[PDB]
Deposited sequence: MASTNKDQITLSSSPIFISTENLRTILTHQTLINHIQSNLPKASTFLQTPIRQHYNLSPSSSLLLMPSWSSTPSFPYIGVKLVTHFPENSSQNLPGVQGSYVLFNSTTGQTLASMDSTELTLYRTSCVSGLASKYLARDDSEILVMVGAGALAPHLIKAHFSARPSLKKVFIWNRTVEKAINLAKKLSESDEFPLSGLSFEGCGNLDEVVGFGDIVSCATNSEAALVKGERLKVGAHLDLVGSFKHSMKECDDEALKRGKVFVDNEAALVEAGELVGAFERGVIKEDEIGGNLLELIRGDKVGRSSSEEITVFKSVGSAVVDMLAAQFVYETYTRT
């Protein structure tokens, strides 16, 4: 009857990066087919504040969920120990319309992006363990450690610090807008993204497109094509791979669904 409040500790209890990685991996094709995702709604609430509404839904009974992410951006909060990005994700039953569950948007985002990048390591990191680099010690760091270790039982950039392509050992995992890689960390090899939107949102990508170092033909594919195998992952030995993630409503929905479903057994 009632919707269920999933606090942050509930999220940490029920979720594991391994199982969420596998869930995303096995359901991203069908979910990307069936989920509807309108453009986001953005409102600033004051010269320094903003609200974002991100709905999504599938009304095919094979995936019966409506989701709405509500996000506040208060950047100046960072000048006072306050977090800039906050919010809640609300899940509804798409057959009856009942509110099913609500959970903290930023924690779910941590899990979502960390396991997306872990699944990307599944296709693009070479089979090498205990060799992990992490740039920054933000809240994303333990999440990304656990995800990458689940994938590869590589250097992940989640805090922002600029890494340069001349240093890198002969996989770079960029989390999404401040400089993260030099112009030609994309020189070395094949650059992959989580979805089409990255091609217009990642500052480094379209910035490298400005100066003409790479064309859009030269992008090696997105996470869906790699999962499916339509575009090949790592092919060489000491090859170059990078994966730039910006996020998508579809992965947010997959994660919210997994939380709610495995919480209710």
(message) Ranges lacking C-alpha coordinates, please, mapped onto the deposited sequence and listed in sequence order.
(response) 1 to 12, 166 to 214, 222 to 224, 235 to 236, 243 to 246, 336
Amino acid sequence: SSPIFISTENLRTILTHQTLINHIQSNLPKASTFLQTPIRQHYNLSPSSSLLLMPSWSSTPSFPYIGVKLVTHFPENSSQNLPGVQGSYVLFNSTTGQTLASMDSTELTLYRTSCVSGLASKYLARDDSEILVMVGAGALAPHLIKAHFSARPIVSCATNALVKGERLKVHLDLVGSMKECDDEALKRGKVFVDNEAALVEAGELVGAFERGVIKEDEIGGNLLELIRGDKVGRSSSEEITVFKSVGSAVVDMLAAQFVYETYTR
From here on, numbers count along this sequence of modelled residues.
(message) Regarding 215 to 223 and 65 to 73, which shows the higher C-alpha temperature factor on average in the entry?
(response) 215 to 223
(request) Averaging only over Cα atoms, indicate whether 234 to 242 or 22 to 30 has the higher B-factor in the PDB entry. (result) 234 to 242
(request) Report the option among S117, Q98, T106, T159 whose CA atom has the maximum B-factor in the deposited record. (result) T159
(message) Comparing recorded Cα B-factors across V133, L110, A147, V85, which one is largest?
(response) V133
(request) Compare the C-alpha B factor of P38 with those of the other modelled residues in its chain, then answer lowest, middle or highest third. (result) lowest
(message) Ranking the modelled residues of this chain by C-alpha B-factor as given in the entry, is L51 in the lowest, middle or highest third?
(response) lowest
(message) By the recorded C-alpha temperature factor, relative to the other modelled residues in its chain, which third is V90 in?
(response) lowest
(request) Quick one: classify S121 as lowest, middle or highest third of the chain based on its Cα B-factor. (result) middle
(message) Test of reading the entry: by CA B factor among the chain's modelled residues, which third contains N195?
(response) middle
